[PDB]
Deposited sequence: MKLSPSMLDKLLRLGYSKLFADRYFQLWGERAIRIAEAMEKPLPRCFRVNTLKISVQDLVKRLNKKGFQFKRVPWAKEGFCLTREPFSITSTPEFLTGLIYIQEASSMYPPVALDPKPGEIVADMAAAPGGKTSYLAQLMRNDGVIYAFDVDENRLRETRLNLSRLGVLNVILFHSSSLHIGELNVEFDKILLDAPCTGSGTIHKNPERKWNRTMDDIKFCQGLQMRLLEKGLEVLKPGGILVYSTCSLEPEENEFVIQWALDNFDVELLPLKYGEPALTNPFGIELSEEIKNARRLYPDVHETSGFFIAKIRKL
């Protein structure tokens, strides 16, 4: 790492440790990822197919002056390129025809691909946007269990779901870590971490450990209640291998699971810091702010054997 790039990373607010880590993981691209991450993301939205088709919603918005591009990994997602006036001031948004969320946050639900009639769980700490995406993909059939320790937030979410016309979600005022006490066997599980990790960047080695441990605990509880042949999608908004590839490798070594292929993004890292991981990890994907216009993102699709 040259004194130049180092200084640039230090100025962005990185410690020498993280600067050295990022350079060891991506070399000169490290600076491009760090700088791209300081920029604001476009405003994106998801069409609520529970209330309107994608084709119809698009025609309605275009007619009003809005222009947008498709999010590659989600047929219902689009990111604005022309927002005459606030998209949240439109009748479309106010009547629940669209939902505003980051492009990356659309990937997990779509990858999980819940089907109508299935028993699903969203293990998010703050259920919301992804939970309603699961609901429309399930066409208001099946069941979705979600957990939030914050009653006020849970109340807010229940109102959002009402506006969206979601009828198959059950919200519990508890931590998803207690999912095992329900004595329910799940077809699909969404284990999405809050998009505030190293991938968001506007941390300490300790904070990385805490999240890694919590991630491991959550993943184990999720796999525990998952039916054989069931699917769990794991995702984070962190660039750290410790919260991503390391957790997935641990799962592959610790449980009877296998990874399934995912289409979008770049291959996950199989030699982070010179640590050789299973080639199978390449089934996992990463989104980078320097090429995908999203926060740092990681996603893996796991099938229980």
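Trainee: For this chain, which runs of the deposited sequence have no C-alpha coordinates, given in order from the N-terminus?
Mentor: Deposited residues absent from the model fall in 1-2, 205-212.
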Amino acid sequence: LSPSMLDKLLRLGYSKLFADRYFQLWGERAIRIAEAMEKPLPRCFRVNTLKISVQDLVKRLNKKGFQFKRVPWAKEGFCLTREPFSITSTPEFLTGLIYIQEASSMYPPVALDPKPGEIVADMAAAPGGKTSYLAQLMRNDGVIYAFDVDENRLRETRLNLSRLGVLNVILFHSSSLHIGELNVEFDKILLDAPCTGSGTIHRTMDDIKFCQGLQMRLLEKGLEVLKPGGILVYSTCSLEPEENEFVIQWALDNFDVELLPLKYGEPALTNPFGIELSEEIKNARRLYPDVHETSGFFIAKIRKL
From here on, numbers count along this sequence of modelled residues.
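Trainee: Do the C-alpha atoms of 52-60 or of 236-244 have the higher average B factor in the entry?
Mentor: According to the PDB entry, the answer is 52-60.
Trainee: Mind pulling up the entry and telling me whether 272-280 or 34-42 has the higher mean Cα temperature factor?
Mentor: Here the higher of the two C-alpha B-factor means belongs to 34-42.
Trainee: Which one of 117, 230, 91, 165 shows the biggest C-alpha B-factor in the PDB entry?
Mentor: Spelled out: the listed residue with the top C-alpha B-factor is 91.
Trainee: Could you tell me which one of 113, 102, 122, 156 shows the highest CA temperature factor in the PDB record?
Mentor: The listed residue with the largest C-alpha B-factor is 156.
Trainee: Grab the CA temperature factor for residue 136 from the record and place it in the lowest, middle or highest third of its chain.
Mentor: Its C-alpha B-factor, which the entry lists for residue 136, ranks in the lowest third among residues of this chain.
Trainee: Looking at the temperature factor on the CA atom of residue 128, which third of the chain's modelled residues does it land in?
Mentor: It belongs to the highest third of the chain when residues are ordered by C-alpha B-factor.
Trainee: Among the chain's modelled residues, which third holds the C-alpha B-factor of residue 109?
Mentor: Its C-alpha B-factor belongs to the lowest third of this chain's values.
Trainee: Comparing against every modelled residue in the chain, figure out the third that the C-alpha B-factor of residue 188 lands in (lowest, middle or highest).
Mentor: Ranked within chain, residue 188 CA B lands in the lowest tercile.
Trainee: Compared with the other modelled residues in the chain, in which third is the CA B-factor of residue 14?
Mentor: As the PDB entry reports it, the C-alpha B-factor of residue 14 lands in the highest third of its chain.
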